[PDB]
Structures are given as C-alpha cells and as structure tokens.
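Q: Make a model of this:
(2 chains)
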Amino acid sequence: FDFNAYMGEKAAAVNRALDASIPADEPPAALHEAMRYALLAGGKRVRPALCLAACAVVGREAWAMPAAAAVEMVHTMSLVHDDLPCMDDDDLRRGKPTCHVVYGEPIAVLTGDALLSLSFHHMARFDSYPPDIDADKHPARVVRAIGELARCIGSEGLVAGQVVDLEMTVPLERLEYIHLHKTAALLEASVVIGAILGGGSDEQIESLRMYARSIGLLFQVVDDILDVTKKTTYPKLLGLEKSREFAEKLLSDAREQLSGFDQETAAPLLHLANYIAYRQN
Amino acid sequence: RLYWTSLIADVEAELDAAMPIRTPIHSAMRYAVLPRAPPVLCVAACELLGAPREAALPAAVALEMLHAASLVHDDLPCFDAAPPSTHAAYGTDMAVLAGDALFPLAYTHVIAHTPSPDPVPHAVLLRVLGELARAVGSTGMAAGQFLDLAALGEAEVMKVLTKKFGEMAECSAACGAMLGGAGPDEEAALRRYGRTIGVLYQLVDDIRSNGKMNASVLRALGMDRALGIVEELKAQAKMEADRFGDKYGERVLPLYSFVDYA
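A: Numbering: from 1, shown residues only, chains lettered A, B, ... in the order given. Take a look:
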C-alpha cells in the first residue's frame, strides 16, 4: 500500500466524474463553463475521497462516486460564494483568479446555485449510479444519503458556520463551534453518505461520523497552526504548542473510532487522517 | 377557485413550523418565505390520479422554499440595481447565505414528509428530488435567470420565461405527476402543461406588477402579439389539459382561467 498514489488515483476518478457531469455543449454555455471553471479547477479532492473510502471500508467505491461528486460540488458552491466581494473578497487564490473575477458577481452567484442543485440532482438521479448495486436497499439509502447531505449543508451545518464567523476577541466554545460547523460538517456528510451508500450498519455509520467530526476540527486547527509558519485563532487562545497538543489529541481521538473496523480496508481512512494532520501546506 | 386559498393557507402553516427560530440566519430565512402558481398546481395535479394529498403537501412546501431561495438571489444588488428587500434587511451578506440554506431545506422537508413508505416508494422519491434539483439547476431557472441579465428582443429569443418562469411550474406539474402514479405518456403531457401555465401567469402579468423578478414581453414586442401569445398558450395548455379524461379535471382547467384575472 502507497497512499499518495491512492490519492492521486481517486482524485483523477473524481475529476473525471465531475467533467462528465457538466456538458459544456448545452446552451447556457457561459454558465456551464462558469460551473466548470469553478468545479474542475484542480484541488486535492479530499472530501470526495473520504466519502469513497467510507464506502469500501463498510461495498465498493463506484457505488458512492455520485455522492463523492456531490460533496465536491457542494464544496465548490461553498467557495464560489466565499470569494464574492460581498463576503470574503480575496479574489485570487491558488494561482487562479476567483470565479467572480472572470465572470463577474451575478454569474458567480448563479454558478454556486447551479452546483448545489446539480449535486442534489446528480445524487438523486439513478442514471448516475453503477449497475452492480444491491438495487433494493440502495434506493432507500440514496434518500437518506441525500437527507444526510442536506442536513449538513443548511441551517444546521455549514451556513451556521459561515455565519457565526461573519458575526465578529472570541471564546473557545464558540471557536470550535464555528469550525465544527464550517469544516467538520461537510466531512461528516461525506463519510456518512459514503457509509450509507456502502450499506453499513448504524454502529459503523455513527463511528465514521464522529470520526469525521474530529478530523473536521483537526483539519482547521492545523490550518490555524500552519498560519504561523512563513482573525481570532487557536494558537492565540491556547498557545502554540498548546495547539499542537490539542491537535495531537484529536488525531488519536479519530483513530480509536476506527477500532471497530479492520485496518485492512480502513488504511485509506487512516492515511487520510494522518495527511490532514502533518500537512505542510 | 378559492380552493387555492385553502391550499395556500395550509402551505403557510407547515412552512412556519418548518422554519423554527432556533439558533442561529434562521430569523433571516423566515423573512424570505414570509414577507401563485407553482405550488398549488402540483397538489391539484397530484390530486389527479387520486393520491392522498398529505403526500404532495411536502412537495408544495419544498417548492415555495425553492422559489424563495433563488428569489433572494434575483433581487440581490449586483443584479437589477433599482428599487423592503430581503437582502437589504439582513445584509447582502446573510442574504446570500440564507438562500444557500433554503435549497437544502427543501430537500430535507421533502424527505421528512412525503412519507416514503406506504405510498411514494423511494425510487419515485429520488425522481422527485431530481426533478426539483433539475428545476433549479443549470438547465432550468438558473439558466433562465442567467439569460435574463439583460439583447432582450427576439421572436423566439424572447422566451426566457420558458426557463425562468416556465420550468418552475413545469416540475410543479411533473412533481404532482409522479406522486400519484402518472404514466410516461402523461409524463411530458402533464409537464407540458406546467411549462406553459408558468409562462401564462407571468406573461399575462406583464401588464401590471411581491412576486418574483426585465426582458418583458410587451416592451419587447407588439402587444397585439403579447395579447396573441396568451390565447396561443391558453389553447395549447387547454389541449394538454383536455387529454385528461374521467374527470374531475374541472379543477385542472380553472387554473388556466384564474390567470385572467386576479
């Protein structure tokens, strides 16, 4: 087993699915291109990756590729709007001019709105799913996978997170609440709807959920740490290595959640969580 | 008939108790679906083929949420730029975030009611969710809004209603359709009705205009025609409606005449 190779491959798979979902020949072409300019714009493809690995650990990864496309679209909508001047500005990141730069504000507005829909669309469409699916239980899975996806996006998930940040020195409970609900929510969605589309038991699904809940914080705590290298934050409130201590705990927290699985099939979920921690981005 | 009134009151009640004030943006959502004709067409269309309704009420509720979600986004400042606003009340900031919470609110309310077991087996359900998503997706409505960002006059170029105001009732019909067991023969049949009843209400209204929001028809072209498209959409719609046999479809018709006038 080689993890980086694994990531490279899944990223490509997700990318291909994404290209496939949006035909650049259909008529509101600028809009479709705008969607493509947003969605296909590189990236590591981590959320689709968790969803997928969550399906194989509990069923096989092509079952949950539509949902892996969905959360990566959901996430894209979470960035096309974040870059808008009304909200965060920061027009250019990676090496790409942000979507509102190339197409203006309103196209950037409708591009997130098209994706959000497309993600829910693509997930509901049975045209999206492979044939070697246990046809019976699987439809009922897709309903709850959509509704788990839906539960983490709206007023009980990211938006609550996007907003509390937009409130503006800050206390801890409220700090971890924001993170737990702007990053950790989307990851819960991915690995659960991945587990659901895998067909896993509730025990399996829930354990994977608090798995993601921890690597959710873990994700953005590190982001608040790597900032020091080369807005109220975690090393400010606790101290630097008081934040490397906290980080070290959340990892170990997530690991013993995979206690119930076999490291065999979960080796991706393990190497994943490790990547999120010691990333030097 | 007023029947419509009854339906609307019921829709409003489930919505209020769907959006509760609890914390946090929530206050903002309520002021977006609080402050004709897509939802009702569906319940009634749904009544057809005779399906217990509580089965279609969720769809209607989801529908109004969807309408509002992209409503907020259509009179956002960076669109029309000419005059209270749902966006200028909580800030263009939360405004965006709000509609972004309403899309998944619909799909969540839909999955909750719209009881899956018993009638409405899930495959039907996915079909419904897909229909709503498509309705607001790149193909329809968002494309309609995009088209309608200003040019305006075309003989067949002028039909953005078909995608902006058209493909919102199109599903609303097609949604009703699948709920009560409509056949494919009746799939586009019932849906053809939706597209062209959505245009009607708007196309008629572009005489006097609190609604949803350029590229109007009268300004765009000869009124005689505008007034002419009306019968052409009435007649067409009437054809599709007539397909139905074994009434009551008395109700499916009055929808065409309520439009003329409020």
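
Q: CA atoms for contacts and neighbours, from now on please.
A: Noted.

Q: What are the boundaries of the helices in the stretch 51-200 of chain B?
A: Ranges of helices in the stretch 51-200 of chain B, per DSSP state H, counting those that start in this stretch, are B:57-72, B:91-112, B:122-135, B:142-147, B:161, B:169-179, B:187-205.

Q: Can you lay out those helices as a markdown table showing distance to residue A:279 and mean neighbour count?
A: Below are the helices of the stretch 51-200 of chain B laid out as a markdown table (distance: least, C-alpha to C-alpha, whole Å; neighbours: other C-alpha atoms under 10 Å in any protein chain shown):
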| stretch | distance to residue A:279 | mean neighbour count |
| --- | --- | --- |
| helix B:57-72 | 37 | 24 |
| helix B:91-112 | 30 | 24 |
| helix B:122-135 | 36 | 24 |
| helix B:142-147 | 38 | 24 |
| helix B:161 | 50 | 25 |
| helix B:169-179 | 46 | 30 |
| helix B:187-205 | 51 | 23 |
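
Q: From residue A:148, how far off is the residue in the stretch 151-281 of chain A positioned nearest to chain B?
A: Minimum separation of the stretch 151-281 of chain A from chain B (C-alpha to the nearest C-alpha) falls at residue A:154, amounting to 4.1 Å. Distance from residue A:154 to residue A:148, counting by C-alpha to C-alpha, to the nearest Å: 11 Å.

Q: go on, residue B:79?
A: In terms of C-alpha to C-alpha, residue B:79 sits 33 Å off from residue A:148.

Q: Between helix B:91-112 and whatever helix or strand residue A:160 lives in, find me the angle.
A: Using DSSP states H and E, residue A:160 falls within helix A:158-165. Angular relation of helix A:158-165 and helix B:91-112 on a 0 to 180 degree scale: 150 degrees, by axes from the mean of the first three to the mean of the last three C-alpha atoms, to 10 degrees.

Q: Near the residue nearest to residue A:50 when sequence neighbours are not counted, how many residues? Count them for me, please.
A: Residue nearest to residue A:50 in three dimensions, not counting chain neighbours: residue A:191, with 5.5 Å by C-alpha to C-alpha, 6 or more residues apart in numbering or on different chains. For residue A:191, the count of nearby residues is 31 (other C-alpha atoms under 10 Å in any protein chain shown).

Q: same question, residue A:154
A: Around residue A:154 there are 24 residues (other C-alpha under 10 Å).

Q: ok now the helix or strand hosting residue B:8, how far from the chain's centre?
A: Assigned by DSSP H and E, residue B:8 falls within helix B:3-16. With C-alpha atoms, centre = their mean, to the nearest Å as the basis, helix B:3-16 stands 15 Å off its chain's centre.

Q: same for that helix, what does it pack against?
A: With contacts taken as 3 or more C-alpha pairs under 8 Å, 6 or more residues apart in numbering or on different chains; DSSP states H and E, helix B:3-16 sits against helix B:38-47, helix B:57-72.

Q: nearest to residue A:195, of these?
A: helix B:57-72 (26.8 Å; C-alpha to C-alpha).

Q: Identify the residues contacting the single nearest residue of chain B relative to chain A.
A: Closest residue of chain B to chain A, C-alpha to the nearest C-alpha: residue B:101 (4.1 Å). Counting by C-alpha atoms under 8 Å, 6 or more residues apart in numbering or on different chains, residue B:101 touches A:153-155, A:159.

Q: how near is it to residue B:68?
A: 11 Å.

Q: before we move on, back to that, convert the helix holding residue B:8 to PDB, retaining C-alpha atoms only.
A: C-alpha atoms of helix B:3-16 as PDB (Å, rounded to 0.1, in the frame of the first residue of the first chain):
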ATOM      1  CA  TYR B   3     -59.700  26.200  -3.200                       C
ATOM      2  CA  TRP B   4     -56.400  27.800  -4.000                       C
ATOM      3  CA  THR B   5     -56.800  30.000  -1.000                       C
ATOM      4  CA  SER B   6     -57.200  27.000   1.300                       C
ATOM      5  CA  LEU B   7     -54.200  25.300  -0.100                       C
ATOM      6  CA  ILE B   8     -52.100  28.300   0.300                       C
ATOM      7  CA  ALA B   9     -53.000  28.800   3.900                       C
ATOM      8  CA  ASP B  10     -52.100  25.200   4.700                       C
ATOM      9  CA  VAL B  11     -48.800  25.600   3.000                       C
ATOM     10  CA  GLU B  12     -48.000  28.600   5.000                       C
ATOM     11  CA  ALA B  13     -48.700  26.800   8.300                       C
ATOM     12  CA  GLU B  14     -46.400  23.900   7.600                       C
ATOM     13  CA  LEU B  15     -43.700  26.300   6.500                       C
ATOM     14  CA  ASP B  16     -43.800  28.300   9.600                       C
END
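
Q: Identify each buried residue in that helix, please.
A: For helix B:3-16, the neighbour count (16 or more other C-alpha atoms under 10 Å in any protein chain shown) marks B:4, B:7-8, B:11-12, B:15 as buried.

Q: ok, the residues you listed vs residue B:53, which is closest?
A: Closest to residue B:53, out of all of the buried residues of helix B:3-16 and judged by C-alpha to C-alpha, is residue B:7, at 10.8 Å.

Q: Just give me the neighbour total for residue A:16.
A: 13.

Q: same thing with residue A:170?
A: Residues lying near residue A:170 (other C-alpha under 10 Å) number 11.

Q: Torsion angles phi and psi at the residue lying closest to it once chain neighbours are set aside?
A: Closest residue in space to residue A:170, ignoring its immediate chain neighbours: residue A:232 at 6.4 Å, by C-alpha to C-alpha, 6+ apart. Backbone geometry at residue A:232, expressed as degrees, to the nearest 10, gives phi -60, psi 140.

Q: Hmm, residue A:232 is touching residue A:172, no?
A: No: assessed by C-alpha atoms under 8 Å, residue A:232 is found out of contact with residue A:172, at 10.0 Å.

Q: Now do the same contact list for the residue nearest to residue A:50.
A: Residue A:191 makes contact with A:50-55, A:208-209, A:212, according to C-alpha under 8 Å, 6+ apart.

Q: tell me the phi and psi of it?
A: Per-residue torsions, residue A:191: phi -70, psi -20 (degrees, to the nearest 10).

Q: same thing with residue A:96?
A: phi -100, psi 130.

Q: With residue B:208 instead?
A: Note on residue B:208: its backbone torsions stand at phi -150, psi 140 [degrees, to the nearest 10].

Q: Tell me the bridge partners for it.
A: With DSSP bridges applied, residue B:208 shows beta-bridge pairing to residue B:206.

Q: Tell me how many other residues surround it.
A: Using other C-alpha under 10 Å, residue B:208 has 5 neighbouring residues.

Q: Quick one: residues in contact with stretch B:24-39.
A: Residues from elsewhere that reach stretch B:24-39 (C-alpha under 8 Å, 6+ apart): A:155, A:160, A:163-164, B:16, B:19-21, B:59-61, B:63-65, B:68-69, B:72, B:86, B:90, B:94-95, B:97-99, B:102, B:168-169, B:172, B:198, B:201.

Q: switch the cut-off to 6 Å
A: Stretch B:24-39 is contacted by residues B:60, B:63, B:68, B:98, B:169, B:172 when judged by C-alpha atoms under 6 Å, 6 or more residues apart in numbering or on different chains.

Q: And for stretch B:215-233?
A: Outside stretch B:215-233, the residues that reach it (C-alpha under 6 Å, 6+ apart) are B:152-153.

Q: Show me what counts as buried in that stretch.
A: Using 16+ other C-alpha under 10 Å as the test for burial, stretch B:215-233 gives B:215-218, B:220, B:226, B:229-230, B:233.

Q: And stretch A:239-256, by the same measure?
A: A:243-244, A:246-247, A:250-251, A:253-255.

Q: Pick out the most distant pair among those residues.
A: Longest span within the buried residues of stretch A:239-256, C-alpha to C-alpha: A:243 and A:255, 18.6 Å.

Q: Work out the gap between stretch B:57-74 and the centre of the chain.
A: The chain centroid and the centroid of stretch B:57-74 are separated by 8 Å, computed with C-alpha atoms, centre = their mean.

Q: Fine, thanks again, bye for now.
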